[PDB]
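Peer 1: First the structure, which I've put down as structure tokens, then a few questions once you've had a look.
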Amino acid sequence: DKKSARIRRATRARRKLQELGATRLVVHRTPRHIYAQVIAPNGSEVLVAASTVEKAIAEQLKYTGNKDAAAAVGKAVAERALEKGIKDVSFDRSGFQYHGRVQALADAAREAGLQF
Amino acid sequence: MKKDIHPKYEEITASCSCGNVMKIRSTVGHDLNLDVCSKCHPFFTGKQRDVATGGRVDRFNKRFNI
Amino acid sequence: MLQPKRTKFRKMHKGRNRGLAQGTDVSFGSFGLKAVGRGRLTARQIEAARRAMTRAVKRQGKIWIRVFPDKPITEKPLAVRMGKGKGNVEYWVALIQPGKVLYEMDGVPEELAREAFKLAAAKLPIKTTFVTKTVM
Amino acid sequence: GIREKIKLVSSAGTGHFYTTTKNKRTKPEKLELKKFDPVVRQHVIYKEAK
Amino acid sequence: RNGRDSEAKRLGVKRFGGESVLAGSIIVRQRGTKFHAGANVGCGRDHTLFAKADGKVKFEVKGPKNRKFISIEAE
Amino acid sequence: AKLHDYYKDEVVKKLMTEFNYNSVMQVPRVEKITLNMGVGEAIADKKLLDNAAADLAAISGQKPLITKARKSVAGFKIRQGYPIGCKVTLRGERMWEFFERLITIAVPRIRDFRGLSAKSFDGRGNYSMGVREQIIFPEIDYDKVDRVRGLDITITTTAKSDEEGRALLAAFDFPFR
RNA sequence: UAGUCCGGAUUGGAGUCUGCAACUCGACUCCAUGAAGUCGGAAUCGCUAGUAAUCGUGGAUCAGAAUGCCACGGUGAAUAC
RNA sequence: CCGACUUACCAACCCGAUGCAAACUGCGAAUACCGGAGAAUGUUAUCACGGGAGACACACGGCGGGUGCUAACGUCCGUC
RNA sequence: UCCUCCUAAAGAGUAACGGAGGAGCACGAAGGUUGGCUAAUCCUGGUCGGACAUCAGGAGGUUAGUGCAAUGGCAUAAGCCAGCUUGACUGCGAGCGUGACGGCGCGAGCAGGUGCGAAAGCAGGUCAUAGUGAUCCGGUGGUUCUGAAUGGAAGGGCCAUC
RNA sequence: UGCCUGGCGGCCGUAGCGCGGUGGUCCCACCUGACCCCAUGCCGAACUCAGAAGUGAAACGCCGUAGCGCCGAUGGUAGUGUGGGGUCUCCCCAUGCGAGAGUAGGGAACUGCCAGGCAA
RNA sequence: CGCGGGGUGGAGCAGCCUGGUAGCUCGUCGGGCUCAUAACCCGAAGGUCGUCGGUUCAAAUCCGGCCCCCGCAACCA
Ligand SMILES: [Mg+2]
Ligand SMILES: [Mg+2]
Ligand SMILES: [Mg+2]
Ligand SMILES: [Mg+2]
Ligand SMILES: [Mg+2]
Ligand SMILES: [Mg+2]
Ligand SMILES: [Mg+2]
Ligand SMILES: [Mg+2]
Ligand SMILES: [Mg+2]
Ligand SMILES: [Mg+2]
Ligand SMILES: [Mg+2]
Ligand SMILES: [Mg+2]
Ligand SMILES: [Mg+2]
Ligand SMILES: [Mg+2]
Ligand SMILES: [Mg+2]
Ligand SMILES: [Mg+2]
Ligand SMILES: [Mg+2]
Ligand SMILES: [Mg+2]
Ligand SMILES: [Mg+2]
Ligand SMILES: [Mg+2]
Ligand SMILES: [Mg+2]
Ligand SMILES: [Mg+2]
Ligand SMILES: [Mg+2]
Ligand SMILES: [Mg+2]
Ligand SMILES: [Mg+2]
Ligand SMILES: [Mg+2]
Ligand SMILES: [Mg+2]
Ligand SMILES: [Mg+2]
Ligand SMILES: [Mg+2]
Ligand SMILES: [Zn+2]
């Protein structure tokens, strides 16, 4: 399956990340609505979560399924995570090839101040 | 597709001897001259001559003549 | 003689014969020859106790052999000193524990089967008994 | 067996060398490994020697 | 024909559950990966699980395949 | 893609009335088309496979993938990882151009053509025919080849049975003796 | 200069003649098919002149049925120290 | 050639039923061993360093086994 | 002599001319990292093509594979393919395992410098366990450390190495 | 506050398959197209980008059904530490421990942080 | 019981060490030569590699069991 094949590709970087005890930025991509959220090292709860499904972000976009929309997410997460004080995080691709929207989300987060 | 590894794929003019000009993309070259298209191939009459051909009594009655 | 077609290993340990058997109930037939005494039956004895069992109840009836040797027993040649390795496998025994149904019979009268299992018991070393298939 | 042992000589000024093996009868090219030369202390392109 | 054997490698679990270890101390000297690297426990090239921190050993049975793990609670 | 529009408009509704699908997407559609030319005889002549990879470039409009031997079998004298065959998986818009060129001018030109076979299904919905001559296609100029090297075309659909996959390919007129 | 417009076997179909009768088992014809075979291993035969070679014809036998046999003429050699 | 039916027979794989295994395990003791805490008890019975050694032919009984013939006051190990 | 399983009695170890099998290497890539992928065998269909070449789908499910014998292990793959590469690196190394000892093995982390990756990170060989011999003697390159009156040198020492 | 959906987990077969029904306002998946980012040791399948007419067939989620998988007592039995006994190649007795299989039955999960849609 | 070698067309022997392809001489079969045979010349066929299993892509070969044959050994009182 297309969905399950993606989960095994994520497992490599998920399991390695919790032994290190890092706060990972889990980014979920979809043909529409690129998601994103920061999860604590405990692996249970999120601390900061921002995506295009929020009306606060979608209403300032042309379409919530592309690069400039993905650039809008990364800035939003990196500016509200710098509100809770979460500075040094890790970037978890969630099995997605770091090239398009998953790349644009990091580029928007790297410039904001989100250290990774 | 990967550029510069596949052959030239350009539209050509194909026309059988039944007025059926059909334009299609290929890798032949400039044009094409067809023999029999799908709308002129004798398949609609193909089954007719091999199935209904037998019989020996009818053959023999052209010999008895009465 | 009942012998295993190509087992994994040629020779194997002696091993103790402690415990009680599992194949205790008469399953296929209706009458059985349960083994009371502990011991070991060679492939010669099982085969011999069958001929003189498949003679008393003629060509009729069906006899089940609930035992199979599958245990090689070594035997050193005469005039050979101890040591120098394991001997040569000569015969195959079947470790028989108390309560192991040796044979089962079906398709015959009970009194006939009572007398057929008397002929086979005299060909086996272990003390046996005559049991009947019980309703659960 | 066939895998003889040679000496990777540093192309730097010093005569430091990493010794190792190489199958001569199957591989006709020489080794050009970039290894750490503890005298110059950078990373020099070593070359095969005997 | 026979008469050959190896030298016993002294494998097995050195430190057991609840036993206080030190950093670098070998918890399990194993062949394959019977036990896995849990928390604060590394894995060498010999598949030898060592303790990367002071504390106590804690065997667990996590994972979707019930495979054994070895963690370390700082004690 | 001339007959691709033929599918999107006529073929779909033509099947909707025959099996009363409760979805427009439930209609069968041909997924891809594979052109296998498993030469095999390349153990003797290395340039034999090289020539075979050229004819797939003519029959189809793209480069073939020279496949390697999955397992070494001495009955045929081949080894693990030895180039034995060449395939072409064409889809997208370039399959319909081939799908058209196949059943419009190539199939009719088959030597001793009486008809195809209606039993050549794998009980799932895939059709797999085989051509004997490669000269039935326009590209092979007959004076540039030296082999009767033919191939076999596999047509993969999105059907769920051969009973239904036959209905999809029926709309394309397929001779079918 | 190719297994080819070479070669003509084999086979299918349709026909004719003689004859009570053409399946076993005839000859010829038309269309189709069109293989072996690219000068032949050891070995061996005929012949000195109008012979050899090559071409075609006729007759006997015979209802029909020869590349056989008998006979005729056309072209026409080489070599014999 | 295709290729159908049939058979005094043997039988692959699955399914139900039945046993076996030191070099089989979808299960799994009792003990033994490692670590922590606690009381009682024991002339510290404990560990380390130093002086001196002897000893490195073992035997029998129980239990757990290899070998032998589940033979040997047999032979070789574990443990008492 | 070394490696794997059993013997071995659920820590380790444990004998016999007890039972079963292998090694005296291979690789510059079969190593490192990054990205991606995941089987064997049958069933159905298909040009030459056949019990078994290549192709498509299903079933099945790791019965596959793992440079090599066996056992433990593996999809988070350690199995398979591809891009860039040399960490198959120098000086160390708390702390442990294993042995009478010689010796063998594991190792986070520290500094120099390097590779891959966007980054987190990972790399001082290879899924692990065999592929190997002490000392002496002597050879080879480097390093003023010494160099028997003094300045050099021979010869020793130290490092690498045969 | 409740039904829904997506993400990251806890726990990891009482938690997984089989069969049937069912969901599209959101979401999800499928899907449309490909100058360009990138891409296939052939191929927009996958990976990627730009979007979004249509669909809920496929996929996934959810509810029922136990046809299987699975979980599983009490009791008994097997075994066994220690001390005794015997017809001592094997058992028995006293005390402590107590399986595996099988049976009654349980059973098609339970739950937390966040972010939306929704009736309020 | 032990050590070492062998088993290959109808006969006698190569090939096995260092796996994918089996050859020599005689005999047999067919033709020729001769009045006929032998000899001589030309052409061709003929092998489950003892047997069963395993290793492997592939076994005559590499490994193991069994059957047959050959040589050596079967000793000190
Ligand atoms: Mg030994
Ligand atoms: Mg061992
Ligand atoms: Mg003609
Ligand atoms: Mg010819
Ligand atoms: Mg004369
Ligand atoms: Mg069960
Ligand atoms: Mg023990
Ligand atoms: Mg204690
Ligand atoms: Mg205490
Ligand atoms: Mg001694
Ligand atoms: Mg001694
Ligand atoms: Mg004893
Ligand atoms: Mg004794
Ligand atoms: Mg002793
Ligand atoms: Mg030693
Ligand atoms: Mg042990
Ligand atoms: Mg490797
Ligand atoms: Mg990976
Ligand atoms: Mg077929
Ligand atoms: Mg096939
Ligand atoms: Mg690797
Ligand atoms: Mg290895
Ligand atoms: Mg010496
Ligand atoms: Mg001086
Ligand atoms: Mg659905
Ligand atoms: Mg109980
Ligand atoms: Mg006894
Ligand atoms: Mg139970
Ligand atoms: Mg003669
Ligand atoms: Zn036409």
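Quick note on naming: the chains in the structure tokens go A, B, ... in the order shown, residues restart at 1 in each chain, and ligands are numbered from 1 in order of appearance.
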Can you work out which residues are within 10 Å of ligand 25, considering only C-alpha atoms (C1' of nucleotides) and all ligand atoms, and then hand them over as a PyMOL selection string?

Peer 2: chain J and resi 22-23+56-60

Peer 1: Write a file of the selected residues as a PDB file, in the first residue's frame, keeping C-alpha atoms (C1' of nucleotides).

Peer 2:
ATOM      1  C1'   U J  22     -21.937   1.414   6.100  1.00  0.00           C
ATOM      2  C1'   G J  23     -19.257   7.016   5.717  1.00  0.00           C
ATOM      3  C1'   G J  56     -16.610   6.328  -2.188  1.00  0.00           C
ATOM      4  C1'   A J  57     -15.609   1.068  -6.841  1.00  0.00           C
ATOM      5  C1'   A J  58     -10.592   0.513  -4.806  1.00  0.00           C
ATOM      6  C1'   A J  59      -8.141   2.167  -0.097  1.00  0.00           C
ATOM      7  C1'   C J  60      -8.866   3.379   4.938  1.00  0.00           C
TER       8        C J  60
END

Peer 1: Mind checking which residues fall within 6 Å of stretch 23-31 of chain E, counting only C-alpha atoms (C1' of nucleotides), ignoring those fewer than 4 positions away in the same chain, and posting them as a list in words?

Peer 2: residues 11, 12, 13, 14, 15, 48, 49, 50, 51, 52, 53 and 54 of chain E; 72, 95, 96 and 128 of chain I

Peer 1: Dump N, CA, C and O atoms (P, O5', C5', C4', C3', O3' and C1' of nucleotides) for the selected residues as a PDB file, in the first residue's frame?

Peer 2:
ATOM      1  N   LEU E  11      29.388 -16.686  27.115  1.00  0.00           N
ATOM      2  CA  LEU E  11      28.288 -15.783  26.790  1.00  0.00           C
ATOM      3  C   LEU E  11      27.322 -15.659  27.964  1.00  0.00           C
ATOM      4  O   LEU E  11      27.646 -16.039  29.092  1.00  0.00           O
ATOM      5  N   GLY E  12      26.140 -15.113  27.698  1.00  0.00           N
ATOM      6  CA  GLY E  12      25.146 -14.974  28.744  1.00  0.00           C
ATOM      7  C   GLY E  12      24.937 -13.566  29.263  1.00  0.00           C
ATOM      8  O   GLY E  12      25.596 -12.619  28.833  1.00  0.00           O
ATOM      9  N   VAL E  13      24.007 -13.442  30.204  1.00  0.00           N
ATOM     10  CA  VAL E  13      23.671 -12.160  30.809  1.00  0.00           C
ATOM     11  C   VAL E  13      24.496 -11.946  32.073  1.00  0.00           C
ATOM     12  O   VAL E  13      24.295 -12.623  33.081  1.00  0.00           O
ATOM     13  N   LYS E  14      25.425 -10.998  32.007  1.00  0.00           N
ATOM     14  CA  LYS E  14      26.303 -10.693  33.132  1.00  0.00           C
ATOM     15  C   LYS E  14      25.560 -10.010  34.273  1.00  0.00           C
ATOM     16  O   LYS E  14      25.448 -10.564  35.367  1.00  0.00           O
ATOM     17  N   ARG E  15      25.059  -8.805  34.021  1.00  0.00           N
ATOM     18  CA  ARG E  15      24.314  -8.060  35.030  1.00  0.00           C
ATOM     19  C   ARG E  15      22.826  -8.343  34.848  1.00  0.00           C
ATOM     20  O   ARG E  15      22.321  -8.329  33.725  1.00  0.00           O
ATOM     21  N   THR E  48      27.158  -6.909  21.775  1.00  0.00           N
ATOM     22  CA  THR E  48      27.269  -6.843  23.227  1.00  0.00           C
ATOM     23  C   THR E  48      26.611  -5.570  23.749  1.00  0.00           C
ATOM     24  O   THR E  48      27.025  -4.461  23.412  1.00  0.00           O
ATOM     25  N   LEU E  49      25.582  -5.731  24.573  1.00  0.00           N
ATOM     26  CA  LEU E  49      24.877  -4.584  25.124  1.00  0.00           C
ATOM     27  C   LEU E  49      25.596  -4.036  26.346  1.00  0.00           C
ATOM     28  O   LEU E  49      25.737  -4.730  27.354  1.00  0.00           O
ATOM     29  N   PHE E  50      26.056  -2.792  26.251  1.00  0.00           N
ATOM     30  CA  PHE E  50      26.743  -2.162  27.370  1.00  0.00           C
ATOM     31  C   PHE E  50      25.935  -0.993  27.918  1.00  0.00           C
ATOM     32  O   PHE E  50      25.059  -0.459  27.240  1.00  0.00           O
ATOM     33  N   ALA E  51      26.240  -0.606  29.153  1.00  0.00           N
ATOM     34  CA  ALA E  51      25.536   0.478  29.832  1.00  0.00           C
ATOM     35  C   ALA E  51      26.177   1.829  29.559  1.00  0.00           C
ATOM     36  O   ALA E  51      27.324   2.061  29.928  1.00  0.00           O
ATOM     37  N   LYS E  52      25.429   2.725  28.926  1.00  0.00           N
ATOM     38  CA  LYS E  52      25.949   4.046  28.600  1.00  0.00           C
ATOM     39  C   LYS E  52      25.740   5.068  29.714  1.00  0.00           C
ATOM     40  O   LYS E  52      26.020   6.253  29.535  1.00  0.00           O
ATOM     41  N   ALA E  53      25.260   4.610  30.867  1.00  0.00           N
ATOM     42  CA  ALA E  53      25.031   5.505  31.993  1.00  0.00           C
ATOM     43  C   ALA E  53      24.932   4.746  33.311  1.00  0.00           C
ATOM     44  O   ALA E  53      24.654   3.547  33.332  1.00  0.00           O
ATOM     45  N   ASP E  54      25.180   5.453  34.410  1.00  0.00           N
ATOM     46  CA  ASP E  54      25.084   4.850  35.730  1.00  0.00           C
ATOM     47  C   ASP E  54      23.605   4.622  36.012  1.00  0.00           C
ATOM     48  O   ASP E  54      22.753   5.382  35.547  1.00  0.00           O
TER      49      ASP E  54
ATOM     50  P     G I  72      19.168 -21.613  16.619  1.00  0.00           P
ATOM     51  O5'   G I  72      19.570 -20.161  17.144  1.00  0.00           O
ATOM     52  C5'   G I  72      19.708 -19.901  18.556  1.00  0.00           C
ATOM     53  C4'   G I  72      20.338 -18.543  18.788  1.00  0.00           C
ATOM     54  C3'   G I  72      19.608 -17.343  18.199  1.00  0.00           C
ATOM     55  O3'   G I  72      18.530 -16.890  19.015  1.00  0.00           O
ATOM     56  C1'   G I  72      21.895 -17.201  17.644  1.00  0.00           C
ATOM     57  P     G I  95      38.208   3.494  35.894  1.00  0.00           P
ATOM     58  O5'   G I  95      36.905   2.652  35.533  1.00  0.00           O
ATOM     59  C5'   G I  95      35.590   3.185  35.778  1.00  0.00           C
ATOM     60  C4'   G I  95      34.553   2.412  34.995  1.00  0.00           C
ATOM     61  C3'   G I  95      34.628   0.904  35.128  1.00  0.00           C
ATOM     62  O3'   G I  95      34.069   0.459  36.360  1.00  0.00           O
ATOM     63  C1'   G I  95      34.315   1.469  32.857  1.00  0.00           C
ATOM     64  P     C I  96      34.393  -1.022  36.887  1.00  0.00           P
ATOM     65  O5'   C I  96      33.505  -1.940  35.941  1.00  0.00           O
ATOM     66  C5'   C I  96      33.828  -3.323  35.744  1.00  0.00           C
ATOM     67  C4'   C I  96      33.122  -3.851  34.519  1.00  0.00           C
ATOM     68  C3'   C I  96      33.500  -5.270  34.146  1.00  0.00           C
ATOM     69  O3'   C I  96      32.797  -6.213  34.946  1.00  0.00           O
ATOM     70  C1'   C I  96      33.595  -3.920  32.216  1.00  0.00           C
ATOM     71  P     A I 128      29.919  -8.968  10.998  1.00  0.00           P
ATOM     72  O5'   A I 128      29.621  -9.700  12.381  1.00  0.00           O
ATOM     73  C5'   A I 128      29.510  -8.947  13.605  1.00  0.00           C
ATOM     74  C4'   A I 128      29.317  -9.878  14.783  1.00  0.00           C
ATOM     75  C3'   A I 128      30.335 -11.000  14.912  1.00  0.00           C
ATOM     76  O3'   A I 128      31.534 -10.558  15.551  1.00  0.00           O
ATOM     77  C1'   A I 128      28.159 -11.888  15.139  1.00  0.00           C
TER      78        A I 128
END

Peer 1: Check which residues fall inside 12 Å of ligand 15 when counting only C-alpha atoms (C1' of nucleotides) and all ligand atoms, and print them as a list in words.

Peer 2: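 Checking only C-alpha atoms (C1' of nucleotides) and all ligand atoms against ligand 15 at 12 Å gives residues 5, 6 and 7 of chain E; 1 and 2 of chain I.
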
Peer 1: May I have the selected residues written with C-alpha atoms (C1' of nucleotides), as a PDB file, in the first residue's frame?

Peer 2:
ATOM      1  CA  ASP E   5      34.760 -28.737  19.617  1.00  0.00           C
ATOM      2  CA  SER E   6      35.271 -25.040  20.290  1.00  0.00           C
ATOM      3  CA  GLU E   7      36.418 -22.996  23.256  1.00  0.00           C
TER       4      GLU E   7
ATOM      5  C1'   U I   1      45.434 -25.315  16.561  1.00  0.00           C
ATOM      6  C1'   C I   2      40.881 -22.484  15.930  1.00  0.00           C
TER       7        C I   2
END

Peer 1: What do you get as a PyMOL selection string if you pick all residues at most 10 Å from ligand 4, counting only C-alpha atoms (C1' of nucleotides) and all ligand atoms?

Peer 2: chain G and resi 3+35-38

Peer 1: Please run DSSP on the backbone and report, as a list in words, all residues within chain A that come out as strand (DSSP E).

Peer 2: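 Here is the list: residues 24, 25, 26, 37, 38, 39, 46, 47, 48, 49, 90, 91 and 92 of chain A.
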
Peer 1: Please dump the current selection as a PDB file, in the first residue's frame; keep C-alpha atoms.

Peer 2:
ATOM      1  CA  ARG A  24      11.028  16.144  16.928  1.00  0.00           C
ATOM      2  CA  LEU A  25       9.087  18.279  14.479  1.00  0.00           C
ATOM      3  CA  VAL A  26       6.725  15.731  12.954  1.00  0.00           C
ATOM      4  CA  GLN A  37       3.538  19.661  14.862  1.00  0.00           C
ATOM      5  CA  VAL A  38       6.223  19.596  17.551  1.00  0.00           C
ATOM      6  CA  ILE A  39       6.177  16.581  19.860  1.00  0.00           C
ATOM      7  CA  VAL A  46       2.486  17.542  21.253  1.00  0.00           C
ATOM      8  CA  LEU A  47       3.492  20.995  22.503  1.00  0.00           C
ATOM      9  CA  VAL A  48       3.118  23.124  19.381  1.00  0.00           C
ATOM     10  CA  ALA A  49       0.983  22.202  16.378  1.00  0.00           C
ATOM     11  CA  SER A  90      14.833  17.669  15.241  1.00  0.00           C
ATOM     12  CA  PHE A  91      13.170  17.325  11.849  1.00  0.00           C
ATOM     13  CA  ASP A  92      11.307  14.083  11.152  1.00  0.00           C
TER      14      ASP A  92
END

Peer 1: Compile the contact shell of stretch 73-76 of chain I as a JSON list (two decimals) with N, CA, C and O atoms, in the first residue's frame: residues with an atom at most 6 Å away, counting only C-alpha atoms (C1' of nucleotides), same-chain residues fewer than 6 positions apart removed.

Peer 2:
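Saved file result-v7.json follows:
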[["chain", "number", "residue", "atom", "x", "y", "z"],
["A", 11, "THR", "N", 9.79, 4.68, 10.40],
["A", 11, "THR", "CA", 10.25, 3.91, 11.56],
["A", 11, "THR", "C", 11.75, 3.99, 11.84],
["A", 11, "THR", "O", 12.17, 3.99, 13.00],
["A", 12, "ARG", "N", 12.55, 4.05, 10.78],
["A", 12, "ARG", "CA", 14.00, 4.14, 10.92],
["A", 12, "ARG", "C", 14.39, 5.38, 11.72],
["A", 12, "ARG", "O", 15.16, 5.30, 12.68],
["E", 32, "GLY", "N", 23.61, -13.20, 18.96],
["E", 32, "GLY", "CA", 22.82, -12.45, 18.01],
["E", 32, "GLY", "C", 22.20, -11.28, 18.73],
["E", 32, "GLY", "O", 22.89, -10.55, 19.46],
["E", 33, "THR", "N", 20.90, -11.08, 18.56],
["E", 33, "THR", "CA", 20.23, -9.99, 19.23],
["E", 33, "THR", "C", 19.02, -10.49, 20.01],
["E", 33, "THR", "O", 17.89, -10.06, 19.75]]

Peer 1: Enumerate as a PyMOL selection string the residues within 10 Å of ligand 12, counting only C-alpha atoms (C1' of nucleotides) and all ligand atoms.

Peer 2: chain H and resi 62-65+70

Peer 1: Please report, as a PyMOL selection string, each residue of chain C to which DSSP assigns alpha helix (DSSP H) when run on this structure's backbone.

Peer 2: chain C and resi 43-51+110-121

Peer 1: So that I have them on file, write out the residues from the current selection with N, CA and C atoms, as a short mmCIF file (atom, residue, chain, number, x, y, z; two decimals), in the first residue's frame.

Peer 2:
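Contents of selection09.cif, freshly written:
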data_model
loop_
_atom_site.label_atom_id
_atom_site.label_comp_id
_atom_site.auth_asym_id
_atom_site.auth_seq_id
_atom_site.Cartn_x
_atom_site.Cartn_y
_atom_site.Cartn_z
N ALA C 43 12.10 -53.82 16.21
CA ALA C 43 11.27 -53.85 15.01
C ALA C 43 10.96 -55.30 14.64
N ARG C 44 11.75 -56.22 15.17
CA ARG C 44 11.55 -57.65 14.91
C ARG C 44 10.34 -58.15 15.70
N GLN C 45 10.25 -57.72 16.96
CA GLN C 45 9.17 -58.14 17.85
C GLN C 45 7.81 -57.58 17.45
N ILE C 46 7.79 -56.33 17.00
CA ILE C 46 6.53 -55.71 16.59
C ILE C 46 6.03 -56.41 15.33
N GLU C 47 6.95 -56.72 14.43
CA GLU C 47 6.63 -57.37 13.17
C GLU C 47 6.20 -58.83 13.39
N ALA C 48 6.82 -59.48 14.36
CA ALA C 48 6.50 -60.88 14.68
C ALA C 48 5.16 -61.00 15.40
N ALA C 49 4.86 -60.01 16.23
CA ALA C 49 3.61 -60.00 16.99
C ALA C 49 2.43 -59.58 16.12
N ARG C 50 2.72 -59.21 14.87
CA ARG C 50 1.67 -58.79 13.95
C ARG C 50 1.27 -59.96 13.05
N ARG C 51 2.26 -60.72 12.58
CA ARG C 51 2.00 -61.87 11.72
C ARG C 51 1.11 -62.85 12.48
N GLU C 110 -15.54 -59.61 19.83
CA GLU C 110 -14.71 -59.30 20.99
C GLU C 110 -13.98 -60.52 21.55
N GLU C 111 -14.63 -61.68 21.53
CA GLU C 111 -14.02 -62.90 22.05
C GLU C 111 -12.92 -63.38 21.11
N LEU C 112 -13.06 -63.08 19.82
CA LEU C 112 -12.06 -63.46 18.84
C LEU C 112 -10.85 -62.56 19.05
N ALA C 113 -11.11 -61.27 19.26
CA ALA C 113 -10.05 -60.29 19.49
C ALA C 113 -9.40 -60.53 20.84
N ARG C 114 -10.15 -61.16 21.75
CA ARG C 114 -9.61 -61.46 23.06
C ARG C 114 -8.57 -62.57 22.91
N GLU C 115 -8.80 -63.47 21.96
CA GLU C 115 -7.88 -64.58 21.72
C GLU C 115 -6.76 -64.24 20.74
N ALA C 116 -6.97 -63.22 19.92
CA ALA C 116 -5.96 -62.80 18.97
C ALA C 116 -4.85 -62.07 19.73
N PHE C 117 -5.26 -61.25 20.70
CA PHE C 117 -4.29 -60.51 21.50
C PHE C 117 -3.61 -61.38 22.54
N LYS C 118 -3.95 -62.66 22.57
CA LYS C 118 -3.31 -63.58 23.50
C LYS C 118 -2.13 -64.19 22.73
N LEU C 119 -2.28 -64.27 21.41
CA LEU C 119 -1.22 -64.81 20.56
C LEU C 119 -0.10 -63.80 20.37
N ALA C 120 -0.46 -62.52 20.34
CA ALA C 120 0.53 -61.45 20.16
C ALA C 120 1.27 -61.11 21.46
N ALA C 121 0.59 -61.27 22.59
CA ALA C 121 1.19 -60.97 23.88
C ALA C 121 2.32 -61.95 24.21
#

Peer 1: Can you pull out every residue with an atom within 12 Å of ligand 13? Use only C-alpha atoms (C1' of nucleotides) and all ligand atoms and format it as JSON, numbers by chain.

Peer 2: {"H": [58, 59, 60, 61, 72, 73, 74, 75, 76]}

Peer 1: Next, write the just-selected residues to a file, as a PDB file, in the first residue's frame, keeping C-alpha atoms (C1' of nucleotides) as the atom set.

Peer 2:
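Result saved to again14.pdb:
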ATOM      1  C1'   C H  58      41.841 -40.732  43.430  1.00  0.00           C
ATOM      2  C1'   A H  59      37.904 -44.663  45.201  1.00  0.00           C
ATOM      3  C1'   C H  60      32.664 -45.976  46.517  1.00  0.00           C
ATOM      4  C1'   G H  61      27.420 -44.730  47.427  1.00  0.00           C
ATOM      5  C1'   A H  72      31.211 -54.879  34.802  1.00  0.00           C
ATOM      6  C1'   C H  73      33.999 -53.502  42.171  1.00  0.00           C
ATOM      7  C1'   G H  74      33.700 -51.053  33.782  1.00  0.00           C
ATOM      8  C1'   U H  75      35.045 -45.916  31.677  1.00  0.00           C
ATOM      9  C1'   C H  76      34.327 -40.649  31.462  1.00  0.00           C
TER      10        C H  76
END

Peer 1: List all protein, DNA and RNA residues that have any atom at most 7 Å from ligand 30, counting only C-alpha atoms (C1' of nucleotides) and all ligand atoms, and write the list as a PyMOL selection string.

Peer 2: chain B and resi 16-20+35-37+39-40

Peer 1: Those residues with C-alpha atoms, as a PDB file, in the first residue's frame please?

Peer 2:
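Saved result, again11.pdb, follows:
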ATOM      1  CA  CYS B  16      -4.457   2.477 -46.201  1.00  0.00           C
ATOM      2  CA  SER B  17      -5.717   1.723 -49.714  1.00  0.00           C
ATOM      3  CA  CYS B  18      -9.309   2.417 -48.634  1.00  0.00           C
ATOM      4  CA  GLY B  19      -9.296   6.174 -48.110  1.00  0.00           C
ATOM      5  CA  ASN B  20      -8.727   5.786 -44.382  1.00  0.00           C
ATOM      6  CA  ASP B  35      -2.262  -1.818 -46.314  1.00  0.00           C
ATOM      7  CA  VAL B  36      -5.357  -2.725 -44.294  1.00  0.00           C
ATOM      8  CA  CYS B  37      -6.840  -0.802 -41.372  1.00  0.00           C
ATOM      9  CA  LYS B  39     -12.205  -0.721 -40.471  1.00  0.00           C
ATOM     10  CA  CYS B  40     -11.337  -2.564 -43.694  1.00  0.00           C
TER      11      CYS B  40
END
